[PDB]
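Shown next as structure tokens: one chain only, the form deposited in one PDB entry.
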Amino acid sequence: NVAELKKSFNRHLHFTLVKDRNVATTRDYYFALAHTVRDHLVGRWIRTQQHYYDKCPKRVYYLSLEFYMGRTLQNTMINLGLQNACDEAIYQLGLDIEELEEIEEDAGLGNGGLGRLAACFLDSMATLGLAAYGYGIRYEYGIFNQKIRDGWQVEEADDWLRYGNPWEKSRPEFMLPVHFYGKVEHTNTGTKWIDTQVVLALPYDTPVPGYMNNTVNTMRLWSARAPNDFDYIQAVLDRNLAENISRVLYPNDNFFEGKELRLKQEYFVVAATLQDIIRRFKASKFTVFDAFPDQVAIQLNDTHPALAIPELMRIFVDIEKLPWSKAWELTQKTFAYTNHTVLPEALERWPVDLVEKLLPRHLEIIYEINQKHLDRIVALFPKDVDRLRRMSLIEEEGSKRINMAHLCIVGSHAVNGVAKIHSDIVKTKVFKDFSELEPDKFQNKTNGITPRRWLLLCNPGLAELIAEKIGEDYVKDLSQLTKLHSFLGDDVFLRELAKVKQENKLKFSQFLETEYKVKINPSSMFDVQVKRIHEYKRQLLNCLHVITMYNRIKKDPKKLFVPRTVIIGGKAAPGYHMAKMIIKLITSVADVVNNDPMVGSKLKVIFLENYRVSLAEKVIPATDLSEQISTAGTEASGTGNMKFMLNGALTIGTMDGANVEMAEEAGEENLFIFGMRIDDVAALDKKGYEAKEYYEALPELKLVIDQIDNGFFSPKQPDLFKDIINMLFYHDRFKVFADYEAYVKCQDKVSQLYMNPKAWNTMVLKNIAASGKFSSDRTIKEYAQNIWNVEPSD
């Protein structure tokens, strides 16, 4: 109750912050409230973990180099049923809760969809009350902070832990050695890894509260420490190198960069996690190891934690002294692999020299794994020499590299894609060789998003509305949102829905106006593309359509033009050149567009800085139009798309990733789908893509290109954007021009629907009403049932 939360608050401000109202900072207040809310989950946290130890359910271990968590405070209140009481307590003390909430750093330990998938899943597994753990790296620096200076992305260290983090508790008793380098002896007592350099792994536990149940699971992130025995001053300074491992998240989205530190990160998180799991299994009730796969599941979050396979084997054979065949039966039965990667350059392949010098034993074990593997292939295909090098874990040509996917495929009992279409290509095409051998191993699990964070928290208006119509069951069972179909003809419900959208718009319009000094037309269409910047996602194409909108105003200023506020956001990897260019182009266009007095309030372009979990929560609920426009074949699933759908936006995009499943659910009539489908893409590769042909064929495209290339957007470097021009014309893998017309045409349909409130909101409601599939609660049921084989409990 209120009075008690108020007494807790003051107690913390007093004792934990050593402050009285008189000189208390806003941060002092945030902290005091966090501690008050965190205190309210301790009992359930102990009891949950206690129950796991007493009843030994099969535990699920989600293993990942990335947990894109965002802020905890508000998410935690909501899931404890505490938000309203806290709101009121804080209000009564003359403070503003939204103000305190603003203080919190994001836990930006993620790049995008892969890392955010991890986050939604933990929330989901806690809500369904599974025995689940999150395991990854406690990066000192998460994804970097993005400033824009002269329309250019600028990186600033995400110093997220400067002031401390009250959502983590260290665990001094569970520190582990992790080993690197050294050499292998195959003595007559077992094979032994010796003369290694040691890093210590200190774990931190973070509470994963379930939505209104009694479960609080754990996320355990590891930290790098130097040992005490593995110039005096320099020696002590040198301890920096060991602790460097957990220092900074690699900021690459969908790109492999074969850096040594990264390899160290990957073993580091694998090694400590695997010990902790064995330790726990051994400390429990339960070749006592025969029960291990009845008590352990390890989901590989892409190939990043791939070493987990040769590591488990290493532990089983060398320490546990199990015979290799047994060790391998159990490895296969413990692991499952989730494939998210699509393009050649994202594929992790590690050079053999590197894997040999850093981890000799793992190399040996990997070769051994490979031998057993290629043996079986020879046996079923003796005249087939090419199938051998094709399915080998070693890409034997030149450099020589380990194909971590191949390793995950052979060490796991289940392999999965993240959307129907994708798993499909994965199974029938990309892995034809392996799936032929065991069709049943390969499955789909279409992606999902938590409707806690992504409806309840980021959008309480909608949540309340929906709840006032159909009650609150939908939160824990999003399929219940179909009940809304029975409100389609409800003229008054449509108004309340539009009102909700408009408040989100008004609020967010404040944000834009107070952060960018740019006049927002409150009633224009909020047309939003937020994701990481990559040529495949095609921010560029959107950008082109912006230019077309602008020109259309210029040629004919009196002509009926539906006002849009066009928002583009997301971070470019610091080494991704073309991505940085694509940013500079957008900010350039905005400068022209936002100041051309002849357009004024008809068109406003914002490039949205420092896009991240807590910003997604702001902008998404405020959106009318969700840009989702990758080249078909290039987007494994996507999740933003889903979050827009649930929050009352209409989606414009290609038949790619889960967009396809969105269209099935709500019916294509109710999305703005356009463009080449995968076939249309292949057929164009077959015949051959000539970018030129479209530039001559479409006069509006011709102008846009000409404007960009001749400095209309860059009079001080008329040829600033040349690199974009070349790529567009000669090296564009993603066929930007081939989809232009279809896109623009499709854009004009959105425009016309927008001029009919009733039709538009009717489509909105048919979307929201069908968004239920996309709850990460459904996804997890599916993983639980056909992969982990654990049951929900409560």
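The first residue of the shown sequence is 1; numbering continues from there. Under this definition, the rigid core comprises the largest set of C-alpha atoms superposing within 1.5 Å between the forms.
Note that the form deposited in another entry isn't included here; everything after this is about it.
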| property | result |
| --- | --- |
| Sole residue of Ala346, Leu512, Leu363, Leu494 shifting 2 angstroms or more in CA between the shown form and the other one, core aligned | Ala346 |
| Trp160 C-alpha moves between the shown form and the other one by 2 Å or more, core aligned | no |
| Post core alignment: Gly182 C-alpha displaced by 2 Å or more between the shown form and the other one | no |
| Core-aligned CA displacement of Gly258 at least 2 Å between the shown form and the other one | yes |
| Comparison of CA distance in that other deposited form with shown form for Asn252, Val198, at least 3 Å | closer |
| Pairwise C-alpha change, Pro344 versus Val415, in that other deposited form against this form - closer or farther, 3 angstroms or more | closer |
